[PDB]
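Single chain ahead, by itself, as structure tokens, in the form deposited in one PDB entry.
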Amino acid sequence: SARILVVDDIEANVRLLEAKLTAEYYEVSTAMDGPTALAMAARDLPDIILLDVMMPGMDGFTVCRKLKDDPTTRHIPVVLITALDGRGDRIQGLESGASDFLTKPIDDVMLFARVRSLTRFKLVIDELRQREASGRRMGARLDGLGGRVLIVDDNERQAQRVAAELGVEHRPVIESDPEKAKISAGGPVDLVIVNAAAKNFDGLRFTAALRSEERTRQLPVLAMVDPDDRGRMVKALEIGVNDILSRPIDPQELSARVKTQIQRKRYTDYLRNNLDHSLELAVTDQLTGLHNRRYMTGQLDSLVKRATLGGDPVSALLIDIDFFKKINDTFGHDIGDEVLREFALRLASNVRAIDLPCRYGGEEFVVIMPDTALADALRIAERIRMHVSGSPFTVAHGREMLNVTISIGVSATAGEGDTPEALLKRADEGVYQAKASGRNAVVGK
């Protein structure tokens, strides 16, 4: 379901690429003019753009520059399709802002490698864009330069050339011993460049070893492959390399691929080791151990949409403990936390694991029950009520025992067009009414 925009003047080329890409389960849009491409790019906001440099009127380089000037299309990765000995073409493309390059005649292996790699990058890009938008409301090197690149190659000449090409923009280190390289790769390395055609070690075995250990399982790896051996090239892509580099190594291709991998790694690490560990983006309540409102919100959105399309409904239970303030006033805040934890355990144990028992508020809990009807939901609520009210809660490490009552509000996504908010709203009305009409009760709306 990745959307790719193919841009070329010759109809046959565009259609051929479209056929190949759609056969690989890609949604393909086509443009036959530079201006048309730019308009379509701003309209459809694609995920990847494949653009040919050889275009009468507006050359591909100009289109790329315009794409990189529009702030609405700047994020979209652009691959420039060049011809043989297109070193000048590649230099101008890098100056134009192309993310990577493809050489003509198009190799299906290289084509799909680039598309796969850059679609993954686009995933991370889109996620960061979303999170930045959220974080602006209040609820860090992200370039592709200055990275530690480990070159695992026995060819001293090739290694030196690669290090030199990467020596102005990145920080290269060369290793010839596979074991020493394994030790180093477990450290502060941003990208590993391995020679698949090494003669003193099996680079593919080394790469598989990296992917086998969790420490290095997601370390970005690029493999220098000989264009003759299609088999090893495919195998390298299978053992888990992120992209491939043809031998002899073109400096501009190297620069593009290295920058792509480093930027992807940095984005991903920022999103998962910094942002995801923030207190606002959490999905699990640390006290109870249950999920929070965020998790239920997303899941309930999908559930409710499915229900609108027709089928079995999604039910919701809102449970509010009764007189919790008194628990805290008499036994202290810590005992109240104990009560909350135990309540969470009892609740989760008496509802299905396919259900979503989450902590809606401080003393309020929600149980989203997929494929459940209002009548059955009311009966489940009565079950929960009996289990919580019946058995006492033992606290103070056995020193004291307390009895808890709960008021429950039941709701169901019955009929079409219902929304998560309406379902929760009806459940809240149920809770209010149950609290007014005495306590220890279940009310359905």
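In this text, rigid core is short for the largest set of C-alphas that superpose within 1.5 Å between two forms. Counting begins at 1, following the sequence as shown. Residues that one form lacks are left out of the comparison.
Missing coordinates between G139 and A140 amount to 4 to 9 residues of the deposited sequence.
Of the two segments, 115-123 and 160-168, the one listed with the higher mean B-factor is 160-168 (C-alpha atoms only). In this entry, 389-397 has the higher mean Cα B-factor, the comparison being between 389-397 and 373-381. Between the residues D269, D320, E132, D285, the entry's highest C-alpha temperature factor is the one at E132. Remark: of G147, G332, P105, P77, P105 shows the highest value [criterion: C-alpha B-factor in the PDB entry]. When the modelled residues of the chain are ordered by C-alpha B-factor, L21 sits in the lowest third. Annotation for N403: C-alpha temperature factor in the lowest third relative to the rest of the modelled chain, per the entry. When all modelled residues of the chain are sorted by CA temperature factor, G240 is found within the lowest third. Sort the modelled residues of the chain by CA B factor and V443 lands in the highest third. Sort the chain's modelled residues by C-alpha temperature factor and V258 lands in the lowest third, per the entry.
FYI, the form deposited in another entry isn't displayed, but the following is about it.
For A208, a C-alpha deviation below 2 angstroms is recorded between the shown form and the other one after rigid-core alignment.
Taking 2 Å as the criterion, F324 counts as shifted between the shown form and the other one: its C-alpha moves by at least this amount when the rigid core is aligned. By 3 Å or more, the C-alpha separation between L356 and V124 shrinks in that other deposited form relative to the form shown here.
Look at the core-aligned forms between the shown form and the other one and you find runs of 3 or more residues with C-alpha shifts of 2 angstroms or more at 135-139, 276-445.
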